[PDB]
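Number of protein chains: 4
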Amino acid sequence: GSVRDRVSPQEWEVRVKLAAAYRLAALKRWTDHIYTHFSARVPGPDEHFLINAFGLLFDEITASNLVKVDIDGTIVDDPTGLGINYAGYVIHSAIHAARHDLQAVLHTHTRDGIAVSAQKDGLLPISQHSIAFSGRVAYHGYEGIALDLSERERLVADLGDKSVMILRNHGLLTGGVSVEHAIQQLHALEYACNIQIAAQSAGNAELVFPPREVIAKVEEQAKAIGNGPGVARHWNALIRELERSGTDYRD
Amino acid sequence: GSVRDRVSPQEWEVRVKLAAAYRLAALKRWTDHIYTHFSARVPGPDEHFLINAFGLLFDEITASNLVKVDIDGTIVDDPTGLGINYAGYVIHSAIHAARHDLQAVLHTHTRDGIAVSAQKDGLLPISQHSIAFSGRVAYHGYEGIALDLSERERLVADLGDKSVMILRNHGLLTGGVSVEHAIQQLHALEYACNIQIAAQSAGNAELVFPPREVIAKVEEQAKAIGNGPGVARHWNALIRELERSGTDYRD
Amino acid sequence: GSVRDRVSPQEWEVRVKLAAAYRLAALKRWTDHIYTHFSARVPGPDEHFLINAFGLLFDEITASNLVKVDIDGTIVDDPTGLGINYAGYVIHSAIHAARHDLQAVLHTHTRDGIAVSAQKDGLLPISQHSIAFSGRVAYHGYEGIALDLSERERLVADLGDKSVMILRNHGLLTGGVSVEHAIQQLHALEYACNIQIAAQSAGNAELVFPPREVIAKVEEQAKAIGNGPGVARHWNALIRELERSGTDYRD
Amino acid sequence: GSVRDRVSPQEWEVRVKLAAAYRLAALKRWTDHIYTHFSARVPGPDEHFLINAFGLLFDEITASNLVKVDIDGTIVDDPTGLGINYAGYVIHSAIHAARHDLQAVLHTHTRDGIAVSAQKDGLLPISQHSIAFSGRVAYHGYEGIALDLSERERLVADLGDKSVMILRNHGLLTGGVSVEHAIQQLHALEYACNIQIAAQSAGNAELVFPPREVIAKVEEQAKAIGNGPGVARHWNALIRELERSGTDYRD
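Protein chains in written order, with our numbering: chain U, 1 to 251; chain R, 252 to 502; chain D, 503 to 753; chain C, 754 to 1004.
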């Protein structure tokens, strides 16, 4: 294992975690073929980041084949020779630069995530799962495929201090203080969206909205919560489940 | 097998049944990662109960690794050293204490169960499967994640004499005189919800509601029915299907 | 193989075909656990019929374990000792007695079949798949679980000369001049329903209804069609696909 | 391998590609049993085309068993002796004759493709995936199963210069300058439809439509795009994924 021989032990553990995140997304079917990306900061004094190689499926990602790039997307270490999807990295770059606290940035294009993205009122407070996101979610209006400077500014302004964003007509974005934290938020958000699409099948007018005070209570209940013990527990079970398919991801 | 060596044969058989119930829910995809729980009373002179260890997936549960707790959730026998989700057990505790007849209490967070939970009119009488629940279903208004004393009282009052409850905006709850009885009711309810979400895709106004007399007839037809021979038959087939994936659940 | 030793070669081939139909329904997920049933007439001078044993899953059915019953549901030959679901057989009995041309009667409780059943306008003419059923489909109003004499009469009157019925709020019924013919109609109907539930997700008012003449043309195009060469071709591919899972069904 | 011994290396590579396209559609569940078809032009001085043999599943198709036919559907080389679905080939023939640039023509009958087909406003501009098709999509009104001369003319007129068509109440059609190009467009269109059906579950009135300028921008962004490097990358990943199930398709 030549990659693990030359990188810091701290970089290696993040390579393993980010690769597991790619494979988990594949297992949970949060994928859109070769498009969309998960990034993580390499711990250390350098503004370096890990992302998938250009054209590999989430299913193929390993600790060893992730690509290390700088804030601009310039290859620092590409064990594949495939490089990266330079245009797909811009959103990751914009967020990582603006928010040094976010060590991981996930973006997905799932059926139900995009579906919720495409609705005026976005994510509704109609389930325990969605209500837990009350006051945690940023929205960003759709501006096209490429993220120009004008939009990059608005994207950061829209996110503000939050770590979950719905990219309207586009999909979902989650940040975290770790890969584990980002993935826990993404997993929960994706489920909240699954449930919304079913719930609303007869129209939003059939929905029961719990009272504002109840929403507020759940907000307080969830406000006690990315370095908490609940993150590690959730993640460790995902890992045990993943390993059930073999351990290639961490080579 | 050290667990089976020290527990009563009656406790052991309930450990096996409750473990099968966890694995069946995993097979049928009634799961929400590591959240939600199934409990059973340990037969005997002690108010002791079995539940999953904190952080294990339904897929991992075995007769040997279930945790035995008292009515408060205090460990009596924890073969895993993981303890339990103390806060998740409160609903089980509230119901078991109030209703000594219910030997099993199941709670789920499925896509379609929560979806039906989230609708004003809840479960509609529009299919044989849903109509069979007519007059069997309690509703409980959503009050947040943690179940405080004020809500615990209302939860018991809402359930009354029934053994099926829709926890609005939250999910489904089933009780039974046995694990088998509880699981049969849950299986049927979950299917009734699947069917409702499809049925109503063009709006509730497109639905055919059979006449009241017909609903009443089905109520009488189902009123002949948790110690009946139909429970054992349904359960024994679930077991044969489960065993098709291996017999680890009963170790 | 003791069953095959004592039955006519003509009975044996229908046992094989009906068992394949049970397993195919399981493969295609047209099942409702241990409920619902497929029946076939045993060719010969006796009014005898084959059906699943009480409590077996569709997945478990074999040529050897099907049960032979008379028009009343009395066991003639039960290789399992499990008998039959006597109450579930009544619908099969009512139709087989009334329509000697129908050598097979299938009844299902699928998510989308029941969903379409539950709607005022039933199956809409909005896809090639649904339009092909125009003028082929009977409807029967829901009257409860048990089929009493009053309802048995109406069921036969409702079906009339047709061989496809939507049992409102209940599910789907298909007949055929053979198991192959019945299964082809059921497969097509189930797909037409899948498509309808998706199509109508924004309401029936968003639907494009092709002109009446076009519907009429498709009716004529499908009117050329249960002993045609298209039935055998469709069935033979289902069999090849089934055999991909092993050949236990025909033992 | 007798087929590969007698055909040009250029024909052989298209046989391999078209077979992979059939198996991929099976893997991605874009199938309707034995109905629907993918065609490709055989490179060379002859107006010859490849299509599946009559009655084989997409899952069974191999480079060796594809059938070579002329523009009329007359067998030129049928390694199976099964011939072709002559009536199913007419749409392929009509398009291939009219548009010599299209080396591949795909037609599908998927749940969500037909569903979108069945709606007045067809494919809505409410997601990145659908907006990318803005101004690329032809519509053709439904006229029945058989494609007569009057309809053949209208079908070609409706398609015009485009290479993507929604066959209203019927399903989807994609063309391409290669099998790879056609498949990339089909994959994207099918996903756009999946997302639309979810998005619109509470009605089209809940949808956010990005402004016209934003749609226009995406049109320009996608207008840079069937011989581009993005086609090969998308296709090569599909192939790697397919090969994960074995390499029978290319024998």
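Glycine included, every Cβ here is placed at the ideal spot set by N, Cα and C.
Query: Distance between residue 507/D and residue 950/C (C-alpha atoms, nearest Å); Result: 53 angstroms
Query: Cβ of residue 478/R within 9 angstroms of any chain U Cβ; Result: no
Query: Cβ of residue 442/R within 9 angstroms of any chain D Cβ; Result: yes
Query: Nearest-angstrom beta carbon gap, residue 375/R and residue 384/R [assumed within contact, 8 angstroms]; Result: Not quite, the Cβ-Cβ distance comes to about 10 angstroms (not below 8 angstroms), so this is no contact.
Query: Any chain R beta carbon closer than 9 angstroms to residue 136/U; Result: no
Query: Residues sharing a beta bridge with residue 929/C, DSSP; Result: 857/C
Query: Where the beta strand (DSSP E) containing residue 794/C begins and where it ends; Result: 791-794
Query: For residue 571/D, the residue or residues it bridges with in DSSP; Result: 551/D, 577/D
Query: Cβ of residue 438/R within 9 angstroms of any chain D Cβ; Result: yes
Query: Chain-ordered chain C contacts of residue 618/D [CB-CB under 7 angstroms]; Result: Going along chain C, no residue has its Cβ under 7 angstroms from residue 618/D, so there is no contact; the nearest lies around 14 angstroms.
Query: Residues that residue 839/C contacts on chain D, provided the C-beta gap is smaller than 8 angstroms; Result: Within chain D, no residue comes near residue 839/C; the closest Cβ sits about 13 angstroms away, beyond 8 angstroms.
Query: Residues of the segment 270-289 of chain R whose Cβ lies closer than 8 angstroms to any Cβ of chain U, in chain order; Result: 283, 284, 285
Query: Residue 872/C beta carbon less than 9 angstroms from that of residue 701/D; Result: yes
Query: 9 angstroms Cβ cutoff, residue 997/C in contact with chain D; Result: no
Query: Within-9 angstroms CB hit, residue 418/R to chain D; Result: no
Query: Contact set between the segment 37-64 of chain U and chain E, restricted to residues whose Cβ is under 9 angstroms from the partner; Result: Protein chains in the displayed structure are U, R, D and C, and chain E is not among them.
Query: Residue 936/C at chain U interface by Cβ criterion, 9 angstroms; Result: no
Query: Residue 976/C classed as buried or exposed, judged by whether at least 16 other C-beta atoms fall within 10 angstroms; Result: exposed
Query: Segment limits, beta strand (DSSP E) that includes residue 139/U; Result: 137-140
Query: Among 189/U, 113/U, 24/U, 150/U, nearest to residue 136/U - alpha-carbon criterion; Result: 189/U
Query: Residue-level contact to chain D via CB, residue 357/R, 9 angstroms cutoff; Result: no
Query: Closer than 9 angstroms to chain C by CB, residue 153/U; Result: no
Query: Interface partners of residue 629/D on chain R, CB under 8 angstroms; Result: Residues of chain R passing the Cβ test: none, with the nearest at roughly 15 angstroms.
Query: Per-residue burial, residue 504/D [other beta carbons within 10 Å of its own, 16 or more giving buried]; Result: exposed
Query: Contacting residues, own chain, Cβ-Cβ under 6 angstroms from residue 916/C (five flanking each side not counted); Result: 928
Query: Completely contained alpha helix (DSSP H) runs for the segment 121-205 of chain U, where each covers 4 or more residues; Result: 128-131, 149-159, 179-199
Query: Start and end residues, alpha helix (DSSP H) containing residue 866/C; Result: 864-870
Query: Cβ pair count under 8 angstroms reaching 3, the segment 201-209 of chain U against the segment 140-151 of chain U; Result: no
Query: Rounded straight-line distance, which links the Cα of residue 203/U to that of residue 454/R; Result: 7 angstroms
Query: Residues bridged to residue 507/D (per DSSP); Result: Answer is none; residue 507/D lacks a bridge partner.
Query: Residue 479/R versus residue 435/R: straight-line alpha-carbon distance, rounded; Result: 11 angstroms
Query: Residue 931/C at chain D interface by Cβ criterion, 9 angstroms; Result: no
Query: Contacts around residue 775/C, its chain only, beta-carbon distance under 7 angstroms, and the 5 residues preceding and following it disregarded; Result: 791, 805, 811, 814
Query: Beta carbon proximity, residue 965/C to chain U, threshold 9 angstroms; Result: no
Query: C-beta neighbour in chain U for residue 340/R, strict 9 angstroms; Result: no
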